[PDB]
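S.K.: Below: one structure in structure tokens.
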Amino acid sequence: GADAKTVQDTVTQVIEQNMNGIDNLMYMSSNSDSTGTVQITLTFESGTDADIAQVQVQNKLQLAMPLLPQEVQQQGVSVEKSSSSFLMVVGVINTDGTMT
Amino acid sequence: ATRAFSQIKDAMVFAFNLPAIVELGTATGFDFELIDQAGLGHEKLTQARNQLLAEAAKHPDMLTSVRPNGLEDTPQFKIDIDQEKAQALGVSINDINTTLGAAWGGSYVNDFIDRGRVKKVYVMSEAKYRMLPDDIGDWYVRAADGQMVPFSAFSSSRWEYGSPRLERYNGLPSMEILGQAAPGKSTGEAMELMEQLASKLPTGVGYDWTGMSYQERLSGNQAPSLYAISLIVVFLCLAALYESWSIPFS
Amino acid sequence: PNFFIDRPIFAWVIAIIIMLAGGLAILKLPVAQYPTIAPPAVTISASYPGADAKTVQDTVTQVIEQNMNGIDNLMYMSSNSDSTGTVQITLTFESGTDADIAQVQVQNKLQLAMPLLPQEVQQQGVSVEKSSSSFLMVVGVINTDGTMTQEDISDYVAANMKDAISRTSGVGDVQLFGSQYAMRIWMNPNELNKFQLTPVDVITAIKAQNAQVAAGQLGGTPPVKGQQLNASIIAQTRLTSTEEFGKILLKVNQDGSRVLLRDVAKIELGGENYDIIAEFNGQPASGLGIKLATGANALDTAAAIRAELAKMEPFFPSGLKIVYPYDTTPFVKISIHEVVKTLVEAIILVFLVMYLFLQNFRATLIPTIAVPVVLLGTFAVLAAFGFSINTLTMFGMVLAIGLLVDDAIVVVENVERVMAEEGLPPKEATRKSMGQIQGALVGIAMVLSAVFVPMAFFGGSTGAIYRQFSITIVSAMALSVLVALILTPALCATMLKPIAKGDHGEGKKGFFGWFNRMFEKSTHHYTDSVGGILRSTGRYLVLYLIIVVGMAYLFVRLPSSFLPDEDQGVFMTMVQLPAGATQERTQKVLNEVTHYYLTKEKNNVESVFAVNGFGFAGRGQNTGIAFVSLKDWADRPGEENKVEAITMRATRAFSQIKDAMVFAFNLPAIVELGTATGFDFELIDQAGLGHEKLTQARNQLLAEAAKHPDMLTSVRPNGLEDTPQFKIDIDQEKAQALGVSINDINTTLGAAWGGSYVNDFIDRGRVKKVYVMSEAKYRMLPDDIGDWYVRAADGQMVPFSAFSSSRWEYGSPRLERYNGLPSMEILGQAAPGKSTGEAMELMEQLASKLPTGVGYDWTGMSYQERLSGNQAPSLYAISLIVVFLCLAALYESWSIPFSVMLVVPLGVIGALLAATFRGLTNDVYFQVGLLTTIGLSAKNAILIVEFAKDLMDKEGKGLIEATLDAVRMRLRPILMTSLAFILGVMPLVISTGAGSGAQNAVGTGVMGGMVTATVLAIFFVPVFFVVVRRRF
Amino acid sequence: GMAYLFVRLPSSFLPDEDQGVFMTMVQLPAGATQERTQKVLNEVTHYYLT
Ligand SMILES: C[C@H](CCC(=O)O)[C@H]1CC[C@H]2[C@@H]3CC[C@@H]4C[C@H](O)CC[C@]4(C)[C@H]3C[C@H](O)[C@]12C
Ligand SMILES: C[C@H](CCC(=O)O)[C@H]1CC[C@H]2[C@@H]3CC[C@@H]4C[C@H](O)CC[C@]4(C)[C@H]3C[C@H](O)[C@]12C
């Protein structure tokens, strides 16, 4: 429920400062939402080790963990090596209308 | 489709084809960012991004669509807790915050287990009691003695502003941009007539390039430096075979 | 071999190609200092606010050194544990290891460990990195106009500049010299006692008022039917200014009136800590101490920094210049040019000795045109194999002009000879010349890499160091073979101008004819006399064995080096004190120091960058590093201005009148590579005897190791010694009876005397830390305790002295531990007669004389097995095993390859002189250069032998009527090559200033070798061959 | 002639294909309701199904 300026000053910045010394780092976004949600993308060099690319972020997310408020900690952070756009979608519906 | 939607509409909606190859959206125009390299804060930076757009739309002959990406500054209901008053009534500040937080935003508590899989338990004020300003003074807290207090007894409530989407590029606050290269000159020129209007700005704000338009591309830069090296080495093959420097030309 | 001798161009193509090739390799290839040579350094750090080291080592340390395990290629584990709190734990990994997952398997076991360490250590942030081991380069900052101070500059940097630097493609660990600003609340106990307040209350009110809040929304999702609006709610927000931090409301006193923070504490926007303060040439200054992340090209990383401050320059404050005190970039990008320089003098110098002899331009351009091609080509094989342009590899380049020189020279000369003899047009002459040296040259392609290859498989630190050379040349070598087979001879077909049948052009020039008479005639005298040794075949043989005994005698007199110390223009000096003497007592030290460098050594010293309260051992208030810089080489002509002299005489000025232990040194050759200078012992508590007996045991060792000052000196402890500690013992029973919470008591001491981390306020758009800590005056001396008052179960204050004892006892500010268990590290050196290989064993044994439980072990700089004295003469064996294994094949005798091999000594006993007579040493560069001379030595002989063979088998002449014509028909190729090489290695052997330290080992060795390896080769090889032959 | 032609043609990368699958995005005077939004999707889903 938190507003974005009580998201960007309490979860965001405590990452964008504990993040560093990372191989082939290229740059770092930060979309910070009035929903709470807070992406931080780190692009890496083309042809890079996709994997440890994903890793050296994890380490500096852990040296960062117990700085973010308790709720953010218990609400779960989520680091991934995701793509950037939709692969495919899987639609589901109700025939008989026994659900909503 | 677009000429049907927006030609009679209230809000900004349009349909597109997804750029060639999923993810490979590094072709369609340019992408600018604006960085707070002096700690001037956001409120001046919304303001600076103003002056750029306003003085970049002055040339509709080298670039159009010089517009911000994401969202703009909505208004925000602000509650300022009169500590002195609230403390004097003997009500815990810890209480006050959680009862607003958990009322208007919801709180994560325990994890009950429905049917053999744990799911989350959310406590949050029922729907009707959380829609409008005055809905605040319905909310009551328990005190040091043991009696309730309205929020309005210990709160201010004023209409001001804020940004729902605060961006930041490489740690520092920044404001991203999305326009395109006008139908006569390339991004290789629509880039430079935007690398400079940014200098016309106030002290502290900076420029930088990121993502889809940070590279150097095909023809117009370095393809005719490899093309060179293609038809350098073709000649380098022939003379050997023809025992002449003046035959591989043929 | 022939395709091209008829067809000039098909060479020209493949030629052009490896020219174009290595060209696009100079470019796309990372220019570096040396290789990646560091054994994969990992480094866990962690802090604990104000806490003493024994409440650091038992609460953060041990909860790691036990949750750490199952980790790939683990080698060993340090543990420096500081009275500052700070707590390094280094895990070294195997050389060549996966630097990355090396760093990773530590992270995993740091996470299975996280919530065991106290809350503060957790919230204060742990920091695991894959850092280097020593300083890459430093970035000085200062104030011009003087509108800011010795922590305002640190701040501007730390908030504007450091928070980008650390995020740039493998920048392991940046160390800020000082601190980013921090909201400091300076607690006053007078003002706390009166108003009935604990630091507890001060802490809670901070966590109450200055905090960003869980919000909510109007038009909340989900909504009750059609609303119009939706807006985020803002509540309370983190405070921005000293002003509103003072505003915080604590109490509401008896008579309505308010007690705000301003009233109990002086609020100050200051630093996160006050131990590290740096002074660039004495002016208040902050810095950036950049460090590498193993497997990192630094001539890359520091060339793109630059690419972060070439963006922070316009958006500064008024007057804030950058200054460069410590840079390893001006050097290696000069060391480079200055070998590339040598490799064009090396060309221009050959362009002459090449000319003199053949005295004809359009011929000379042949053994000239070769150079570029093979070199450019070398650049190529490198790039696409596994290496990067560097010092070691750049020398090999100069060192490889040799195995390029000859087979060009000898093909070209070959045709001179062929045109001096029969009368065959340049073309015909070449195939008559080449089909007459074809396999010979394809011989020296394998036999001379047979000494070169094996040393590539060197172990440890020396490994890649040797792998550079023993391949950089090998490539250069085999590419001079395929060249001198395909382009060289082809060119010999084309631009080589025809010469009358039986000419030499004796006298017939005036200019150079009076120059040719001095040779052709003297070469007749040569041969008439090589017939004169061959009569008296014995008497010279007996001269030879003497040379060998002589040689061996010389080989055992020279001392053992690795890679010689260079003058770098950048050196440093360290400052130590009777530990726990004040930061201020320390500044008087740095001041005496910065003085000397800016007083007497003004001549040379450019800029000192002294840092107070930071040690090249570890942290404290009595630790100092003074980063010097010198002027630009040329402005320091002689030995007195070179580092060796300065530092030496520097110490004899400092300590000769001083109170504390301070001395300056040159940083060991190659950053990080500090694995050369002596030994390193550790002492382990393998019975749980505890520290207090182990300080004691380390006593008895030193005391009974200084008993032999004839096998080892400096047997001394490393780090720090046992300071005293103020101990407060809380009488629970009493304290509980007064009804005061133990939770209260501890926090009000902890937060008073060590400081506490609380909230994170946000100054100017970047969160920084809020530190509450007792004001300065109320925390200096013992009795300052009983000023401190706590609030009780009823509601009235109590002095600490009512419920405390306070006694003066001891402790250690630096508790070490090697591989989990407590240990005490040692630092002495190998006395000037016997090596570490013996100073190690006379210390592996005095340790047995110790009490039950204490143990020995070796770690770091002295855990390996090294160059000469162990396993170099087991590869040397395998070098000259396989050289012999090449030859017999070619000569169809087991008793002929001796003839060529017996030359090995003839070059050595010259190179050993150079090395002896000039104050020099036996080290890598030398052993490399030694290897080189062993190659040329056979190369020269191999020919004389091969032809001798040739004219006995393919033309069937007697033993004596052959060797002669061999020693004669190719004497010139030798003298030529010899004189070219010596006058083409000539530069290095002079040279000053820039990286010449190496350039002389490389040179001196090769020269003095290549001298004797000829004016002896030209005699003894015929006395070899013939006497090797008169034993069928 | 050739060169003249070579400089008249415009710069593409890899030409946009028809994919059978495309998409459309919906934006509003932000912080107008989820419900105000649904009236948008409804006008939209309409056009494609009308
Ligand atoms: C950059 C915006 C997207 C708006 C945003 O950034 O949020 C882009 C996405 C595709 C763009 C339109 C494509 C077709 C048209 C091309 C014309 O030569 C200029 C006007 C039009 C009508 C464009 C206007 C605008 O430039 C749009 C809508
Ligand atoms: C091992 C110590 C460092 C002290 C420490 O470990 O803290 C070393 C660092 C360089 C060493 C000095 C180098 C020059 C001298 C060489 C002599 O052959 C022995 C005495 C001297 C004067 C040495 C004394 C001592 O051995 C020093 C000072």
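By order of appearance in the structure tokens: chains A, B, ..., then residues from 1 within every chain, and ligands from 1 in the order shown.
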Got a sec to check which residues lie within 6 Å of ligand 2, using only C-alpha atoms and all ligand atoms, and send them as a ChimeraX atom specification?
M.R.: /C:714,718,827-828
S.K.: Those same residues - N, CA and C atoms - I'd like them written as a PDB file, in the first residue's frame.
M.R.:
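Final file, out-v1.pdb:
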ATOM      1  N   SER C 714      64.844 -10.998  12.477  1.00  0.00           N
ATOM      2  CA  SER C 714      63.498 -10.390  12.393  1.00  0.00           C
ATOM      3  C   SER C 714      62.349 -11.294  12.873  1.00  0.00           C
ATOM      4  N   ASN C 718      53.520 -10.137  13.842  1.00  0.00           N
ATOM      5  CA  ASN C 718      52.888  -9.209  12.899  1.00  0.00           C
ATOM      6  C   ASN C 718      51.496  -8.773  13.338  1.00  0.00           C
ATOM      7  N   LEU C 827      56.704 -12.728  11.071  1.00  0.00           N
ATOM      8  CA  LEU C 827      57.369 -12.086   9.940  1.00  0.00           C
ATOM      9  C   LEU C 827      58.851 -11.803  10.159  1.00  0.00           C
ATOM     10  N   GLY C 828      59.676 -12.738   9.695  1.00  0.00           N
ATOM     11  CA  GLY C 828      61.138 -12.585   9.635  1.00  0.00           C
ATOM     12  C   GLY C 828      61.691 -12.981   8.269  1.00  0.00           C
TER      13      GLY C 828
END
S.K.: Using only C-alpha atoms and all ligand atoms, which protein or nucleic acid residues are at most 8 Å from ligand 1, as a PyMOL selection string?
M.R.: chain B and resi 14+16+64-70+177-180+182-183
S.K.: Pick out the residues sitting within 9 Å of residue A:75, and hand them over as a PyMOL selection string; count only C-alpha atoms, and ignore anything fewer than 4 positions along from it in its own chain.
M.R.: (chain A and resi 70-71) or (chain B and resi 108)
S.K.: Take the residues that were just selected and, keeping C-alpha atoms, output them as a PDB file, in the first residue's frame.
M.R.:
ATOM      1  CA  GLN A  70      10.640  -5.894   8.040  1.00  0.00           C
ATOM      2  CA  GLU A  71       7.621  -6.029   5.692  1.00  0.00           C
TER       3      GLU A  71
ATOM      4  CA  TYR B 108       0.666  -8.890   5.878  1.00  0.00           C
TER       5      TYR B 108
END
S.K.: For chain D, list the residues within 7 Å of chain C, counting only C-alpha atoms, and write the list as an mmCIF file with N, CA and C atoms, in the first residue's frame.
M.R.:
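Result file part_33.cif:
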data_model
loop_
_atom_site.group_PDB
_atom_site.id
_atom_site.type_symbol
_atom_site.label_atom_id
_atom_site.label_comp_id
_atom_site.auth_asym_id
_atom_site.auth_seq_id
_atom_site.Cartn_x
_atom_site.Cartn_y
_atom_site.Cartn_z
ATOM 1 N N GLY D 31 -4.178 7.717 -11.732
ATOM 2 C CA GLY D 31 -4.929 7.776 -10.480
ATOM 3 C C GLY D 31 -6.410 8.063 -10.699
ATOM 4 N N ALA D 32 -6.886 7.811 -11.914
ATOM 5 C CA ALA D 32 -8.307 7.685 -12.176
ATOM 6 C C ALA D 32 -8.576 6.197 -11.974
ATOM 7 N N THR D 33 -9.804 5.826 -11.604
ATOM 8 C CA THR D 33 -10.052 4.481 -11.030
ATOM 9 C C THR D 33 -9.906 3.273 -11.977
ATOM 10 N N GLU D 35 -11.909 1.201 -12.360
ATOM 11 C CA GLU D 35 -13.206 1.120 -13.022
ATOM 12 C C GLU D 35 -13.274 2.050 -14.224
#
S.K.: A:2, A:11, A:55, A:89: which is nearest chain B, counting only C-alpha atoms?
M.R.: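 So, comparing all the options, the nearest one is A:2.
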S.K.: As a list in words, could you give me every residue of chain B near chain D (at most 8 Å apart, counting only C-alpha atoms)?
M.R.: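 The complete set of qualifying residues is residues 5, 11, 12, 13, 14, 15, 16, 17, 18, 19, 20, 27, 71, 72, 74, 218 and 219 of chain B.
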S.K.: DSSP on the backbone: which residues in stretch 259-414 of chain C end up as alpha helix (DSSP H)? Give the answer as a ChimeraX atom specification.
M.R.: /C:298-301,329-335,337-340,342-348,350-358,361-383,391-399,402-414
S.K.: Can you list, as a ChimeraX atom specification, every protein, DNA or RNA residue that comes within 9 Å of residue B:163 when you count only C-alpha atoms, leaving out same-chain residues fewer than 6 positions away?
M.R.: /A:4-5,33-34 /B:42,71-76
S.K.: Sorted by chain and rising residue number, which residues of chain A lie within 9 Å of chain C, and what are their closest atom pairs and distances in Å to one decimal, counting only C-alpha atoms, as a Markdown table?
M.R.:
| residue | atom | partner | partner_atom | distance |
| --- | --- | --- | --- | --- |
| A:1 | CA | C:216 | CA | 4.6 |
| A:2 | CA | C:215 | CA | 4.2 |
| A:3 | CA | C:215 | CA | 5.8 |
| A:4 | CA | C:232 | CA | 8.6 |
| A:5 | CA | C:234 | CA | 8.6 |
| A:6 | CA | C:212 | CA | 5.7 |
| A:7 | CA | C:212 | CA | 8.7 |
| A:9 | CA | C:767 | CA | 7.0 |
| A:10 | CA | C:212 | CA | 7.3 |
| A:13 | CA | C:767 | CA | 7.0 |
| A:14 | CA | C:767 | CA | 7.9 |
| A:16 | CA | C:163 | CA | 8.6 |
| A:17 | CA | C:163 | CA | 6.7 |
| A:18 | CA | C:125 | CA | 8.4 |
| A:19 | CA | C:167 | CA | 7.2 |
| A:20 | CA | C:167 | CA | 4.4 |
| A:21 | CA | C:172 | CA | 4.6 |
| A:22 | CA | C:170 | CA | 5.3 |
| A:23 | CA | C:169 | CA | 4.2 |
| A:24 | CA | C:169 | CA | 3.9 |
| A:25 | CA | C:169 | CA | 4.8 |
| A:26 | CA | C:169 | CA | 7.3 |
| A:27 | CA | C:167 | CA | 8.5 |
| A:34 | CA | C:232 | CA | 6.8 |
| A:35 | CA | C:232 | CA | 8.6 |
| A:44 | CA | C:169 | CA | 8.9 |
| A:52 | CA | C:100 | CA | 7.2 |
| A:55 | CA | C:104 | CA | 7.8 |
| A:56 | CA | C:104 | CA | 8.0 |
| A:58 | CA | C:107 | CA | 8.8 |
| A:59 | CA | C:107 | CA | 6.2 |
| A:60 | CA | C:127 | CA | 7.9 |
| A:62 | CA | C:111 | CA | 7.6 |
| A:63 | CA | C:126 | CA | 5.2 |
| A:64 | CA | C:125 | CA | 6.4 |
| A:65 | CA | C:123 | CA | 8.3 |
| A:66 | CA | C:123 | CA | 5.3 |
| A:67 | CA | C:123 | CA | 5.5 |
S.K.: Could you write out the selected residues, including N, CA and C atoms, as a CSV table (one decimal), in the first residue's frame?
M.R.:
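Result saved to selection_8.csv:
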chain,number,residue,atom,x,y,z
A,1,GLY,N,0.8,-1.2,0.0
A,1,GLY,CA,0.0,0.0,0.0
A,1,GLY,C,0.8,1.3,0.0
A,2,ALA,N,2.1,1.2,0.4
A,2,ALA,CA,3.0,2.4,0.5
A,2,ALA,C,3.1,3.2,-0.7
A,3,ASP,N,3.2,4.5,-0.5
A,3,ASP,CA,3.4,5.5,-1.6
A,3,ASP,C,4.9,5.3,-2.1
A,4,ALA,N,5.1,5.7,-3.4
A,4,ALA,CA,6.4,5.6,-4.0
A,4,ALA,C,7.6,6.3,-3.4
A,5,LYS,N,7.3,7.5,-2.8
A,5,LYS,CA,8.4,8.2,-2.1
A,5,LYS,C,8.8,7.6,-0.8
A,6,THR,N,7.9,6.8,-0.2
A,6,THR,CA,8.2,6.0,1.0
A,6,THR,C,8.5,4.6,0.5
A,7,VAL,N,8.7,4.4,-0.8
A,7,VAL,CA,9.2,3.2,-1.3
A,7,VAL,C,10.7,3.4,-1.8
A,9,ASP,N,12.8,5.7,-0.9
A,9,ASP,CA,13.7,6.2,0.1
A,9,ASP,C,13.9,5.1,1.2
A,10,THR,N,13.4,3.9,1.0
A,10,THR,CA,13.4,2.9,2.1
A,10,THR,C,13.7,1.5,1.6
A,13,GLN,N,16.9,2.9,-2.5
A,13,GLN,CA,18.2,3.5,-2.2
A,13,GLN,C,19.1,2.6,-1.3
A,14,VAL,N,18.5,1.7,-0.5
A,14,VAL,CA,19.3,0.8,0.3
A,14,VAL,C,19.8,-0.4,-0.5
A,16,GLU,N,20.6,0.4,-4.2
A,16,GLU,CA,21.4,1.2,-5.2
A,16,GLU,C,22.7,1.7,-4.6
A,17,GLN,N,23.0,1.4,-3.3
A,17,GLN,CA,24.2,1.7,-2.6
A,17,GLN,C,25.0,0.5,-2.1
A,18,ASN,N,24.3,-0.6,-1.7
A,18,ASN,CA,24.9,-1.8,-1.4
A,18,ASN,C,25.3,-2.7,-2.6
A,19,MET,N,24.8,-2.2,-3.8
A,19,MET,CA,25.2,-2.8,-5.1
A,19,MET,C,26.5,-2.3,-5.6
A,20,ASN,N,27.5,-3.2,-5.8
A,20,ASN,CA,28.7,-2.8,-6.5
A,20,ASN,C,29.8,-4.0,-6.7
A,21,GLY,N,30.9,-3.6,-7.2
A,21,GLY,CA,32.1,-4.4,-7.5
A,21,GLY,C,31.7,-5.6,-8.4
A,22,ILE,N,30.7,-5.3,-9.2
A,22,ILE,CA,30.1,-6.4,-10.0
A,22,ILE,C,30.6,-6.4,-11.5
A,23,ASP,N,31.0,-7.6,-11.9
A,23,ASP,CA,31.6,-7.9,-13.2
A,23,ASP,C,30.7,-7.4,-14.4
A,24,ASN,N,31.3,-6.8,-15.4
A,24,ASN,CA,30.6,-6.5,-16.6
A,24,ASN,C,29.3,-5.7,-16.3
A,25,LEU,N,29.2,-4.9,-15.3
A,25,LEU,CA,28.0,-4.1,-15.1
A,25,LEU,C,28.0,-3.0,-16.1
A,26,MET,N,26.8,-2.8,-16.7
A,26,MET,CA,26.6,-1.8,-17.8
A,26,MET,C,25.9,-0.5,-17.4
A,27,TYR,N,24.7,-0.6,-16.7
A,27,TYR,CA,24.0,0.5,-16.1
A,27,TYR,C,22.8,0.0,-15.2
A,34,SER,N,3.9,3.8,-7.0
A,34,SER,CA,3.0,4.1,-5.9
A,34,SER,C,2.2,2.9,-5.5
A,35,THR,N,2.4,1.8,-6.1
A,35,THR,CA,1.9,0.5,-5.8
A,35,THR,C,2.8,-0.2,-4.7
A,44,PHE,N,23.9,-6.2,-18.5
A,44,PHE,CA,25.3,-6.7,-18.5
A,44,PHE,C,25.8,-6.7,-20.0
A,52,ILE,N,26.5,-15.9,-13.6
A,52,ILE,CA,27.1,-15.2,-12.5
A,52,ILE,C,26.8,-13.7,-12.6
A,55,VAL,N,24.2,-13.7,-10.4
A,55,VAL,CA,24.7,-14.0,-9.1
A,55,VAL,C,25.3,-12.8,-8.3
A,56,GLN,N,26.2,-12.1,-8.9
A,56,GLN,CA,26.9,-11.0,-8.2
A,56,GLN,C,25.9,-9.9,-7.7
A,58,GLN,N,22.8,-11.1,-6.5
A,58,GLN,CA,22.3,-11.8,-5.3
A,58,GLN,C,23.1,-11.5,-4.0
A,59,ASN,N,24.5,-11.7,-4.1
A,59,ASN,CA,25.4,-11.3,-3.1
A,59,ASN,C,25.2,-9.9,-2.5
A,60,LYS,N,25.1,-8.9,-3.3
A,60,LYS,CA,24.9,-7.6,-2.9
A,60,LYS,C,23.4,-7.2,-2.6
A,62,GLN,N,22.1,-9.5,-0.5
A,62,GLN,CA,22.2,-10.1,0.8
A,62,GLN,C,22.9,-9.3,1.8
A,63,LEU,N,23.9,-8.6,1.3
A,63,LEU,CA,24.6,-7.6,2.1
A,63,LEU,C,23.8,-6.4,2.3
A,64,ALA,N,22.6,-6.5,1.7
A,64,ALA,CA,21.6,-5.4,1.8
A,64,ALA,C,20.3,-5.8,2.5
A,65,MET,N,20.0,-7.1,2.5
A,65,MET,CA,18.7,-7.6,3.1
A,65,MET,C,18.2,-6.9,4.3
A,66,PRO,N,18.9,-7.0,5.5
A,66,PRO,CA,18.3,-6.5,6.7
A,66,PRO,C,18.5,-5.0,7.0
A,67,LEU,N,18.4,-4.2,5.9
A,67,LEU,CA,18.4,-2.7,5.9
A,67,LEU,C,17.0,-2.3,5.5
S.K.: Please compute the atom CA of residue C:10-atom CA of residue C:380 distance, one decimal, in Å.
M.R.: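 Between atom CA of residue C:10 and atom CA of residue C:380 the gap is 20.0 Å.
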S.K.: Go ahead and compute the interatomic distance for atom CA of residue C:1024 and atom CA of residue C:910, in Å to one decimal.
M.R.: 18.9 Å
S.K.: If you run DSSP on the backbone here, which positions in stretch 92-136 of chain B get strand (DSSP E)? Please write them as a list in words.
M.R.: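 So, restricting stretch 92-136 of chain B to strand (DSSP E), we get residues 107, 108, 113, 114, 117, 118, 122 and 123 of chain B.
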S.K.: Rank B:228, B:143, B:193, B:93 by their smallest atom-to-atom distance to chain C, using only C-alpha atoms, and report the top residue only.
M.R.: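 Using only C-alpha atoms, the shortest distance to chain C belongs to B:93.
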